[PDB]
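Report on the structure given below.
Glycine also receives a Cβ, built like all others from the backbone with ideal geometry; neighbour counts cover every protein chain displayed. Derivation of every value follows stated rules applied to the coordinates shown; laboratory data play no part.
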Amino acid sequence: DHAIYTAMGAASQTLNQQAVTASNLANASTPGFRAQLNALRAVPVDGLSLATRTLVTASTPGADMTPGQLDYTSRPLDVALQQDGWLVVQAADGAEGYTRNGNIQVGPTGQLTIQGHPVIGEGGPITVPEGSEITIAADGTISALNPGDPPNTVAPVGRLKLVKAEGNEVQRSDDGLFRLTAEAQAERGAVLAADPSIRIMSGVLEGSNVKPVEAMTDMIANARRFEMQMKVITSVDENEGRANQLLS
Amino acid sequence: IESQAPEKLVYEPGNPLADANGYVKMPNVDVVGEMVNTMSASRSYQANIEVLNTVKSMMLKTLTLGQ
Amino acid sequence: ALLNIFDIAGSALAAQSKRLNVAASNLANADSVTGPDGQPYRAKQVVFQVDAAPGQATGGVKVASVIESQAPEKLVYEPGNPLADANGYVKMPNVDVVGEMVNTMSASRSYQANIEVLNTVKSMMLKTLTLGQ
Amino acid sequence: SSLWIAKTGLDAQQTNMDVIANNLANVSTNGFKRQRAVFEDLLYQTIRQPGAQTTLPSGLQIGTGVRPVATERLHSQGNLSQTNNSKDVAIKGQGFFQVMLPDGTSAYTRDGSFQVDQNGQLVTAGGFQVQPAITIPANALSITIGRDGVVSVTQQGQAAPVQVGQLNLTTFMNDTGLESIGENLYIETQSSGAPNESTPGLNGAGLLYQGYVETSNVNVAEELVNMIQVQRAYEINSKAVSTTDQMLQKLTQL
Amino acid sequence: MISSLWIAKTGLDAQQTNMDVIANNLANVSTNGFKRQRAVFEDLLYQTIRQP
Amino acid sequence: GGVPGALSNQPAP
Amino acid sequence: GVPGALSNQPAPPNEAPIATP
Amino acid sequence: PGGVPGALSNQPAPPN
C-alpha cells in the first residue's frame, strides 16, 4: 500500500529532473552559461523490521564548468576568460558575484556593466571616461582613447578583476550569478583576490556549454523511467482494491 | 493548511496579472501527488465501507443470538 | 444540486474546454487581416479564477471573461490595402503559434486528468450506496 | 511545468529567427547596423538548500527558462560604394546626421543618400529635412560637400565657389542605446542622451566622403551559422515538449 | 553547444578577412606609395579536459 | 466545518 | 447568469455575420 | 425546424 508512494516519489523526481533538463536546453543560446547537473539520490527509510523501502530525491549538484565555443565578434569589448576563470561583478544586492559573460557594455555616463551589473575592478566598480573608445588587454588592463584626439593619447584606466575558482568552490545563486560556497569561503576568504595567471581574449564571446547528446539521452531516460513508475503504481493500485473489497 | 512549496514562477510579462519583473505566480500543485492522493483516498474509503458492512451484518447476527 | 466533487471536476472540464476553444479560435485566425467591422483580430486569453464558494477552503475553477490581449499588433507594409494607415502598415493579429500549441496540449492533459479523477471517484460513489442495503 | 520552459525556449529561438530575417532583409540598405540578440535566463528556483557537508553536494535547484533582454546593434564602420551622384555622402567615424520629423521632433540617421526638394533644401529619401538646413540656388552647376561638411555651390559665369552651410554631425556617448524609429532613423534615449552637435572632424566627429554611400554592416556567413544553430535548438526544444507531453499522457491514462 | 559550428565560423571569418585584405591589396596597385598588407591569423584559447 | 465533504451537496446553494 | 444555471427564457439566436450590416 | 447538422451549419455563410 506504500509502494505506490515510492513509485510516486520516483515519478515526481523524474518530472523535476526533466524540468532541470528542459531549463538547461532552453539556454542553448545564453551567452556564458553553465549547465545545471542533475542526479537522483537514494534515501533509505530507517525503521523496523526488514528495511525494504528506499525513496528517490532529485538533486542538482553544482553546475558544469566545461567552457563552451567562442564566437569571434569584431568588437573590442566582448571578452572570453581562460578555463576555470571568472569575471567579477557587483551583484544585485550590493554583494559580489562571478560570471563568464564577457559581454561588457558601457553607459552614457561611462560605467561598465555586465547584464546591467557594474564590473568590479581593483578599486571598486570600474568607470570609463564618458564616450571613449575602450580596448581590453590580455590580462585585464583597460585602455581608453577619446574619439578624435592624437592616438598617442591612449592610456590605461584600470584593470579587470579576474579570479580562478573550480566547481567545488562555486555555487549558483538564484539571480544567475555564481558565488563561493561556505566551505570555500572559510578557506579562501570572503573576497577572492585577483589571479594574475589568467589570460583573457578580447573580441570573442563564450556561449553556453549544454551538451545536446546528454540532454537527449536524459530525456529518453526520464520518459522510460516515468513509464516504469506508472506501471508500478497501476500494479499496486489493482492489488489493494482486490484485497480490501474481498477480505472485508 | 497551505502546502509548503515554492510558487511556480512563469515568465509572462504580457498577462495583465504579473509581478514587478513579470513573474506570474502559479500554484505549486504536484499533479502526480494529487492523483496518488485521490486513489489512496478512494481505496481507504472503500475499506471503511467494507468495515461498516460486515459490522452491520454482525450486529444483526448478534440480534439473532438465541432465536 | 451536484455533489461537491462532481461540481468541481465538471467546472474543471468546462474551463479546460473554454481554454481549448480560445486556443483553437486563435489558431484559426492566425492570418486574418480584418474582422466583420474593419479592425484586426486580437488574440483572446482566458483567465482562470478559483470559485471558492466557502471561505478559502476549496472550490472549482470559473472563467470570469475572455480578455483581449494587449501586445504590439503585427505590422506588415501593404500600402495598397484599404485598411493600411497613413504610413501604410496593415495590422495582423498577435497570435503566437508555439504558445497556442502548448496551450492546446496543456488544456487536453488537464481535461484528461479531471476525467480520470471523475472516473476514479465514480466507483466509490456507486459503492457508497450499498452501505444501507 | 517543463511545458512553459520549453515554450519560452521556442519563443526565444523564433525571436532570434526574426532578428536574423530582419538582418538578412536589410543587406542592401545603406547605413544599416546589424542587430544581435542576446538572451538571459530568468529567476532560478531553489527548492531545498544544500546541507552541511566524499559525497556530492545535494540540493534541488530548478531553473525557469530563457528570456530576451535587449538586442544590440554593432556600430562598426561599413564599406563605401561609389555612386557618382554628388548628393550622397558617407561618414568616416561615429556621427549621425540630424533630421526633423514632420511632427517636429529630431531623429538621427546614417544613410547619406540625399536629394533636394522643390524649393532647394536638402532632404532624405523620405523627404525629411536635414538640419541645419542647406538652401541651394537654381543655378548650381555643381555642388561639392567638403570634408568638413562644407556645402559649396558653383555658379554660372563665376570663378569661385559659393559657401552655403556646414553639415553638423550629432555625436552620442553611447551609440548602441539609440532607439530605432524604423525608416532608417534613430531617436535618442536615456541610454544615449546628451546629443553633442559638432562640425565634422572636431570633437570626435567623422569626416565626410562625397559621392559614396555606406554599405550595411551585416556579415552574411555569421547569419547562416546562426540560422543553422537556431533551427537545431528549436528542434531540441520541440523534442523536450514532446517528451513532457508523453509522460503526462501516461500519467492521465493510468 | 554545437561547438564545431562556432569553430568553423571562426575559420570562415578568418578566410573572409584574408580575402578582404587581398582585395584591398589588389585594388591599390595603381596608388603611388602604397604598402601591401598581410593579415596574421593565429588561434584562440584551448580548453583542457581533466585526465584522472 | 470549513471544508465540505466530497460527497456533500454543492456548498453553493 | 452563471453558465449552466436555469432560466425561464430561451437564449437569443446565434448569428455571426461576415460583414457589418 | 432544425437543419443540417455538423459541417454545413457550422460554416459562415451569408443569409438568404
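Side notes on the structure shown:
- Its alpha carbons give chain A an Rg and a Dmax of 25.1, 98 Å.
- Distance between the stretch A:93-110 and chain E - C-alpha centres, whole angstrom: 30 Å
- Neighbour counts of other Cβ atoms within 10 Å put D:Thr170, D:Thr244 in the fewest-to-most order D:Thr170, D:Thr244.
- Placing unit charges on each Cβ (+1 for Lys and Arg, -1 for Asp and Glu) gives chain D a dipole about its Cα centre, and among D:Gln14, D:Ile143, D:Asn26 the Cα reaching farthest toward its positive end belongs to D:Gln14.
- In the stretch D:89-151, chymotrypsin sites (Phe, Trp or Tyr not before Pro) in a DSSP loop with at most 13 other beta-carbon atoms within 10 Å: none
- This model, with +1 at the C-beta of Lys and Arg and -1 at the C-beta of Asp and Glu, gives chain B a dipole about its Cα centre of some 540 debye.
- Legend: distances between Cα atoms for D:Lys33/D:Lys92; A:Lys211/D:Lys33; C:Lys91/D:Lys7; pairs beyond 22 Å are A:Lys211/D:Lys33; C:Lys91/D:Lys7.
- In this structure, the pairs whose alpha-carbon distance is over 18 Å, taken from B:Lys56/C:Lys127; B:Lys25/C:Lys18; C:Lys74/D:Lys239; B:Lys8/C:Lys62, are B:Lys25/C:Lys18; C:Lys74/D:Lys239; B:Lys8/C:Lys62.
- Summed over qualifying helices (DSSP H, 4 residues or more, each -39500 (n - 2.57)) and divided by its residue number, chain D shows a 222 nm mean residue ellipticity of -8000 deg cm²/dmol.
- Residues listed by number, the stretch D:211-254, amide nitrogen under 20 Å from A:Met216 label point at 7 Å toward C-beta: D:225-247
- Close amide-amide hydrogen proximity is noted between A:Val170 and A:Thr181, each under 5 Å apart and 5 or more residues distant or on a separate chain (H modeled in the peptide plane; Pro and chain starts excluded).
- Computed about its Cα centre, the charge dipole of chain E is approximately 100 debye, with only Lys, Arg, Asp and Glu carrying charge at their Cβ.
- Evaluating 6.51 cos²θ - 1.76 cosθ + 1.60 at θ = phi - 60° for every residue in the stretch C:14-19, the Karplus couplings come out as 5, 5, 5, 5, 5, 5 Hz, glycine and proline recorded as x.
- Convex hull volume of the Cα atoms of the stretch C:46-133, normalised per residue: 164 Å³.
- Taking amide H atoms as placed 1.01 Å from N in the peptide plane, the amide H of D:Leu202 has no partner under 5 Å among residues 5 or more positions away or on other chains.
- Label-point separation in nm, E:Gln47 to E:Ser4, each point 7 Å along Cα→Cβ: 1.5 nm
- Rg/Rg_globular for the stretch D:1-138, with Rg_globular taken as 2.2 N^0.38 Å and Rg from C-alpha atoms: 1.74
- Ellipsoid semi-axes in whole angstrom, largest first, where each is sqrt(5λ) of the Cα gyration tensor of chain E: 36, 13, 4
- Among A:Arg225, C:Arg19, a tally of other beta-carbon atoms within 10 Å of each Cβ gives an order, fewest to most, of A:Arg225, C:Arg19.
- Listed residue (C:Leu129, C:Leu3, C:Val102) projecting farthest to the positive dipole end of chain C, Cβ model: C:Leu129
- Once the Cβ-Cβ distance of C:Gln70 and D:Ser242 is raised to the sixth power relative to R0 = 30 Å, the FRET efficiency obtained is 0.45.
- Relative to its residue count, the protein assembly as shown spans a Cα convex hull of 252 Å³ per residue.
- Unit charges on C-beta of K, R, D, E only; dipole of the stretch A:40-141, Debye: 480 debye
- Every helix of 4 or more DSSP H residues in chain A counts as -39500 (n - 2.57), and over all residues that averages to -9500 deg cm²/dmol at 222 nm.
- Helical content alone sets the calculated 222 nm signal of chain C at -15500 deg cm²/dmol, taking -39,500 (n - 2.57) per DSSP H segment of four or more residues and averaging over every residue.
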